[PDB]
Amino acid sequence: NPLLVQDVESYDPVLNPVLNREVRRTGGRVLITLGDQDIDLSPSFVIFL
Amino acid sequence: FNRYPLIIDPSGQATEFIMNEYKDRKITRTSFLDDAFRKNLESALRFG
């Protein structure tokens, strides 16, 4: 789902892999390591700060 | 099947039939003795 995030002056470093597109493709899935858990990154995801 | 099947294939034809049948769904062959069984099971449980 598209996401709009306000107050970027309080930026959360949890978004660093998401902004850097540090994805791990394995078995047809696109994995993003937000924090300590793996998440299937849907291609339709988009974030605006 | 309702319960997960247990295949008895001394000739080895059933296992290759299984690999061919579920190849389109990215089937993975593993074993109980392998130390990677934990991660394979965990990946299967979360991503099909």
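Cβ placement follows ideal geometry from the backbone for every residue including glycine, while neighbour counts extend to all protein chains displayed. Each reported figure results from applying straightforward, stated rules to the coordinates on display, with no laboratory input.
List of remarks:
- Distance from the alpha carbon centroid of the stretch A:1-44 to that of chain B works out to 30 angstrom.
- Cut-off 13 Å between beta-carbons: net charge of the residues surrounding A:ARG25, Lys and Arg +1, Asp and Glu -1: +1
- Percentage relative contact order, chain A, counting C-alpha pairs under 8 Å, at least six apart: 46
- Chain A - Kirkwood radius from inverse mean 1/r over Cα pairs (Å): 11.7
- Three-way shape label, chain B, alpha-carbon gyration tensor, a/c 1.5: prolate
- Alpha carbon convex hull of the protein assembly as shown, volume per residue in cubic angstrom: 148
- On the basis of the beta-carbon distance and an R0 of 35 Å, B:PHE1 and B:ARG46 show a calculated FRET efficiency of 0.95.
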